[PDB]
Amino acid sequence: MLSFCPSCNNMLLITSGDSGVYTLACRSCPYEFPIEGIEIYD
Amino acid sequence: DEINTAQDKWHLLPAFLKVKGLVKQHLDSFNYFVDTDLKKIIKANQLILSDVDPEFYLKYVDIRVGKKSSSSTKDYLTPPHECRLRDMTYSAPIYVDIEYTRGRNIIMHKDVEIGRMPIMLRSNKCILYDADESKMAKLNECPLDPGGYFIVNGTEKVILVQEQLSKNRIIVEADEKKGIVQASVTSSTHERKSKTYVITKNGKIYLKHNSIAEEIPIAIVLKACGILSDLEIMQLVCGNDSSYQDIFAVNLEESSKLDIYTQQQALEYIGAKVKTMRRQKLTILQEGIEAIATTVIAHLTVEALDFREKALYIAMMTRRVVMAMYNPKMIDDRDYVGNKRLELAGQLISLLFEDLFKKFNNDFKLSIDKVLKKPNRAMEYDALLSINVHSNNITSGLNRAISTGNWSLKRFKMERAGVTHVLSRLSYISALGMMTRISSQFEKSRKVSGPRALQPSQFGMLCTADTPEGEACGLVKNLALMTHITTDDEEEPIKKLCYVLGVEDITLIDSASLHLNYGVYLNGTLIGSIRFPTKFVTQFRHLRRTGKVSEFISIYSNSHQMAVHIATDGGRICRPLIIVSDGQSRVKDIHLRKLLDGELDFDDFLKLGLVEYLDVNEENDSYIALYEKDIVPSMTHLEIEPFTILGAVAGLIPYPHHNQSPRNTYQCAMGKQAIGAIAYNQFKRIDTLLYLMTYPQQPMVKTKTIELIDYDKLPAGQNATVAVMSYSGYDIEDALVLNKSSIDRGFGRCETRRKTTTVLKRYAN
Amino acid sequence: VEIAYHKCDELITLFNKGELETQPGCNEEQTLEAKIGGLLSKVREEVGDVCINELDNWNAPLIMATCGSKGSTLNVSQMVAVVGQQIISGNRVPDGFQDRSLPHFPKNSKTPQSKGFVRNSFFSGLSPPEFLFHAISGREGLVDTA
Amino acid sequence: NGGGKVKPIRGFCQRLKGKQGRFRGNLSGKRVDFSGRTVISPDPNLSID
Amino acid sequence: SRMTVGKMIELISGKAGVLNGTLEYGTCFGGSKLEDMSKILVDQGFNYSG
Amino acid sequence: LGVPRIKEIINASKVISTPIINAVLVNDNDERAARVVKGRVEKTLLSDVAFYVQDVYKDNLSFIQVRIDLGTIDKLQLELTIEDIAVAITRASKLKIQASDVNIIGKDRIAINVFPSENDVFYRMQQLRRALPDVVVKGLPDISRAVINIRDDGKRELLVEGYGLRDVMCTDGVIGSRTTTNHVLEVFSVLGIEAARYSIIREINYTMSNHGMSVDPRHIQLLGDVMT
Amino acid sequence: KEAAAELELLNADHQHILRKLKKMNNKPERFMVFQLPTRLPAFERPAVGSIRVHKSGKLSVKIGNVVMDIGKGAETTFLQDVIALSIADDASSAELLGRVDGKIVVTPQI
Amino acid sequence: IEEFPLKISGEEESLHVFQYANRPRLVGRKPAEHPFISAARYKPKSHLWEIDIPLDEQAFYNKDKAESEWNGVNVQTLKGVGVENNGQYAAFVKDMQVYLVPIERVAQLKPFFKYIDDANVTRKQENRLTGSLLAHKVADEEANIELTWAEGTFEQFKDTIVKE
DNA sequence: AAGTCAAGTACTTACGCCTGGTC
DNA sequence: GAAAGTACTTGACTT
RNA sequence: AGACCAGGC
Ligand SMILES: [Zn+2]
């Protein structure tokens, strides 16, 4: 989906949250996301 | 007759060719060699230091060729003739000056001869330089001899001009199936090394090398190249928009999932996966083994002390290949002269001479080590007399190498065969024809027709006629009448000047940028990245044409691929022409009348900014006219003498344009097989095989080229009448008919001279 | 020859800035490439057609090319009237430089005479960039048989 | 130490190998005695054969 | 078949040069005209071309 | 055409360059069956008709969203409505990816759900994403391209490039009685022996009867016989 | 259209840079940075000329004693967040003057 | 027509200029926003300036990951390499005249983690040498300096002003 | 755990004949 | 460095 | 004997 984190600005990968929730966080640095993710390519 | 504009243009070539002779190559390079190269090579190692004894050191202050004291030269250096008759070589002694120091605490000097060395004909150190008439009659030899050849051990051989692929430059090729490949080669001093970038699959790209074992994930390499932030990377090799994102995003994705950052895993990865360690002084082992690696591995050309320079360069190297991965075309094929560079013998002799000198060192160092390990009486000398009998290894070593054609190097370790060729003497053309000829190396391909057929870029820089029809076709070419081979100037005094012209250092520049205009490349290296290309180009060319850095260092714009190139790297062909300012020529009549009458000679027009040399890929950017009549004032340059397109050997044929190319090609091969009177000294000369003519005559129809090359002074053939009719019947297909009593008064009467050699030896008995 | 020039020049000005019906010759710029090849072809042969037709009787090349001796009517036509369309590789004189045959021609070389075309015979002589083009085809055919 | 790489050293399967060495060049490629060679030149007067 | 017209012109330019006692120049892309050789011939009693 | 083609024959190699196949359909007509069998047999129109491909993540569910535009299937003739690409979608699923689930709602939207080295789901879906607009909806896995050309005087027919043969001959809509195919070795794998020998002497005669002269009919038949 | 496009920007740039020069005039902290050739000769040697609008709205820099040096404009910006810091003697630390505004280079000419 | 005077200031401790490619401009009409809390480290002849920026607990902090791995709730860390190039000056406009103070050396700012090199070790654990490594082996050894950043300005002008 | 159809790496030949000089 | 083909040690997929 | 290079058709 090619997203990025403020500050460090590397990449955002989807990680499985415990018990039912699906989240995403930047690797090696603390962060979390509200989801509602979307992408479209033609 | 008044002076017109369509006349004096032809008078320009004799003024140009009278200063610089028909053969520049061998002469000019050998002259630069014996002065610049000799003083530089000896400066590389000026000292020999061995371990034993309290202190010993030896320094070579100066090295010269056959010149010292009040003596202008050797008392008598054997002439070319006598040297050829006695089978002796042609050489001049090498004078060296060294400073010896013993444990007797001394500092002293001397002048010694380390050995001999071959000297080429028509050189500054020869006896034939600037000599006229009776001087030649006394020295028993011909004034019209071309010169520029080495005579050793009886007969004489010639070092042939060898073509080489582009050195220290990026070249990108595309392929069916697997993908796109770019190759990078260079040499720094002792070693030569090649880098190969490759995309195997997925769009994710790999780096192959003989140093590192297997195919690194470059996105990790770039982390080891000093950059961390990711998307800065993407915004560099890809940048703003369109489809360049998703392709490189694949590698970007899976590279940072398993192992991600610029420091920790970056260096350690490469270091653990790296090949043989060379076994000595090896263990610093840490992230620091990759430090030395990351500095010098493949891209070592840039190097220095930072990670920023090399990084962006590799990134920009990734920039181009992902563009041609998108769609076909958009590449650089390796065919035409623009990507090719030729190297004169001047560099090759230096490579061969420095190897034998290096071999002498360690042997000479170990020579004194004998008595050094011996208990008593420390020795002052025998680093003189004993190394003199140990000398001459350079003599025979260099003489065997030049006579054989097999060069043995312990540094680059490149063994090259088929370099030197024996000069074939039949007619006067064959001697001048074999010289000024371009050879080629490697590339194989007897099957491939790619590097065979002629290409439009060859025009004016090479002969489009001459070619040795046979097994080898198009693999050997010839230079035109007016050409100049580029030397090397310097590096440092460009950048600093370029910075003054408004360009800025790449370090301070934030790199998000494919976006602002072009950028300035120095020998392929991105430096300035400056806006406003117009004022940059024009003013730079003005500083060239007028007061500074003439000839090479030419600048050309690149429209599609966004950049502006400045190349100072020499070893390439240059051609002269005339600048047209505004709507009309810069020459303008009376200036040329001032020339032909009494004065002004040549090379003065360069000072006045009239005639100059285009070159490289800059010849593509410019616009060249044909005739002064044809001018439409959109034109940057006109051309002087359009008939110079053909070579010197092909200038014999009358009305060449009336015929077809296959006919002119055959004559170039047969024309050198004709039998002439050769030289004046011919009767006093003993050859191995020679054919003579009795009553030679000039052609009834001459050419403008044959006068400048001095042909009709020594013509080959018999001028005779003829009739076109069907007669005989012994004629028919491709067979002529002669006439007796025309032949009985003689016609084309020949003579055949051969020789025989015997030697009376003495055994051990 | 002149009437066959501006017609193609009218076709080539519609290339980039205009639209035209394309044959099933796939993509663009190949369309007119087949048209410029077809037009200049016929014009060449047409010029050489009236040449030999009006040529005088008892001449050697006609009679010699007439029966058994040497060559054909096509050969003598190139000597006298006009030559045309030197073509190797199956196409027209691929660019050595960027988007141009020779530096002597403007950028984006399209129009006839800029690529692989000569309106001059062997008798009248050859314009300077009418030569290199002929040298190509000569070199190509020579290395072929070899 | 120094160096190797002398090619011709193979003594048996090479001389017997095809083309120049034995089977093709020498064996079925033999030489003809009582022969001659020279250039060419026309003539009307000699009948064919 | 061999198709060279450059040789056939050489005779006229050569013959005209001998009659004038001068070596006749020739070159690619230019040089001595063929037409002037015809009038140099025809005035001395020779057919204009060859 | 020329001598390297004879090399391809004489060598009798498995593969070969641009092996065109000739076939007759029914009759001479411009519409319908002419373009019908044209759009039947080749490649994948999946990446074409796909409209936009959407990737959505909401709550605990993973969604692959591909909505097909009906406009292309109407103009370009392919026989199905929705479910037959859905079974073609599950073909792709069965082949290189997974057997899990499939969804159908409206405007031909197909949803794909996945669930179980950490965070593999993101890396999983990332690869499944790019690989989706590829897989074949209809036709065979052979043909590089086809062409509809004017046959003989006024008639019409098509020529196809591929190794397919029998399968495109088995394909309904075309009469397979009189046909032809190159690279004889494969013709031996279907008709075999005699018919292949008749074909190899047919091509040898053809290509050598164009460039010039004559080889005569006798010498050719013996060459093909001693091989077969 | 080489000369065309560039002279169009030169006009504009010689105006726009004048505004942002006088837009920061009084003394809130606002900074710009310069790039100049080396060796810096000017006129006198006891032990400089300046910028201004040329006639008819043009812009010309200069130095004294028969020399004319004019250049303006800069490469693309909007990325950099920049401030110069004060370091002295390795003693104390880091005095910050605040932010940055513009960028300009000056090329010599005929 | 008119005249804009310019001056060239003196030494004044010289200067060092900061830049970082991480945070762009706010795109609003007001470009200026600034980092806080300083905490820089320093070394001679190659400085490699370190930059520390606070981390907010209020927004998307992800505490469960932190407590499991690092104490890295603590202030963010950035570093960078300095470089020098001649002929570069800085400018500020006062009244109707222009004043100019030379910049000297320049540096780039991009981050890195000691939460990494230390974590990589604790995970794993349980004669010439010139050029590159010489700038490394010496680097790690010779760098410890505590710089306290304090921002105030009065005499920064008048010092150079009276030099006219 | 046999029987299985499809994959990576490793091999021998690609021009008829002659006539000259050189180590 | 040739390119073209042919021959020889291992994995999914079943039963 | 085994080698080379040029070149001939
Ligand atoms: Zn982040």
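Residue numbers (PDB author numbering), protein chains in the order written: chain A, 1 to 42; chain B, 36 to 800; chain C, 731 to 876; chain D, 342 to 390; chain E, 951 to 1000; chain F, 1121 to 1236, 1252 to 1363; chain G, 274 to 320, 360 to 422; chain H, 71 to 196, 225 to 262. Ideal Cβ positions, reconstructed from N, Cα and C, are used throughout, including at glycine.
Beta-carbon proximity of residue i to residue j, cut-off 7 Å
i: H:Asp122; j: H:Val151; result: no
i: B:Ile251; j: B:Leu242; result: yes
i: B:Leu661; j: C:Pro858; result: yes
i: H:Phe74; j: G:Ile363; result: yes
i: C:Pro824; j: C:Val806; result: no
i: B:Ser592; j: B:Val584; result: no
i: B:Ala712; j: B:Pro734; result: no
i: B:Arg376; j: B:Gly606; result: yes
i: H:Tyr131; j: A:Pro30; result: yes
i: H:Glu120; j: H:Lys149; result: yes
i: C:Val777; j: C:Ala811; result: yes
Contacts that residue i makes with chain B (C-beta to C-beta distance below 8 Å)
i: E:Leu973; result: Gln733, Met735, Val736 and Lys737
Amino acids of chain B, ordered along the chain, whose beta-carbon sits closer than 7 Å to that of residue i
i: E:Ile959; result: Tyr690 and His693
i: C:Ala865; result: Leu489, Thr499 and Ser696
7 Å Cβ shell around residue i - same chain, five flanking residues per side excluded
i: B:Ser620; result: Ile613, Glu663 and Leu673
i: B:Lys737; result: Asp747
i: B:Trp45; result: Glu676
i: C:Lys845; result: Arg822, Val823, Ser831 and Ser839
Per-residue contacts from residue i into chain G (C-beta, under 9 Å)
i: H:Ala91; result: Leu391, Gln392 and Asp393
Same chain only: Cβ atoms within 6 Å of residue i, ignoring 5 sequence neighbours per side
i: B:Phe678; result: none
i: B:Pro691; result: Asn699
i: B:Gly468; result: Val684 and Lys707
Contact set between residue i and chain D, taken where Cβ atoms lie within less than 7 Å
i: B:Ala770; result: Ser382 and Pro383
i: B:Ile767; result: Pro383
Contacting residues, own chain, Cβ-Cβ under 8 Å from residue i (five flanking each side not counted)
i: B:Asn441; result: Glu450, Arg451 and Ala452
Where residue i meets chain C, residues with beta-carbon distance less than 9 Å
i: E:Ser988; result: Those within 9 Å of E:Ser988 in chain C number zero; the least Cβ separation is about 15 Å.
Neighbouring residues, chain B, relative to residue i (Cβ below 9 Å)
i: A:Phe33; result: Per Cβ cutoff of 9 Å: no residues; A:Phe33 is ~17 Å from chain B at best.
Partners in chain H for residue i, counting only beta-carbon separations shorter than 7 Å
i: B:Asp540; result: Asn155
Per-residue contacts from residue i into chain H (C-beta, under 9 Å)
i: G:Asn298; result: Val163, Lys164, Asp165 and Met166
_Every unbroken beta strand (DSSP E) inside the region 435 to 500 of chain B [3 residues or more]_ = Counting only runs of 3 or more residues that sit fully inside the region 435 to 500 of chain B, the beta strand (DSSP E) segments are 455 to 457 and 472 to 474, in chain order.
*Segment contact flag, the region 344 to 354 of chain D with the region 869 to 876 of chain C, C-beta cutoff 8 Å, min 3 pairs*: Between the region 344 to 354 of chain D and the region 869 to 876 of chain C, the count of Cβ pairs shorter than 8 Å is below three; the stretches do not touch.
_Does the structure place the region 392 to 401 of chain G close enough to the region 77 to 87 of chain H that three or more beta carbon pairs sit under 8 Å?_
yes
_Validate contact between the region 282 to 290 of chain G and the region 376 to 393 of chain G using beta carbons, cut 8 Å, 3 pairs_ = yes
*With contact counted as at least three CB pairs below 8 Å, one residue from each stretch, are the region 92 to 106 of chain B and the region 122 to 131 of chain B in contact?*
yes
*Does the region 310 to 324 of chain B come within contact of the region 193 to 212 of chain B, defined as at least 3 CB pairs closer than 8 Å?*
Too few Cβ pairs lie closer than 8 Å, so no.
*On the three-pair Cβ rule with 8 Å, is the region 766 to 774 of chain B touching the region 477 to 487 of chain B?*
no
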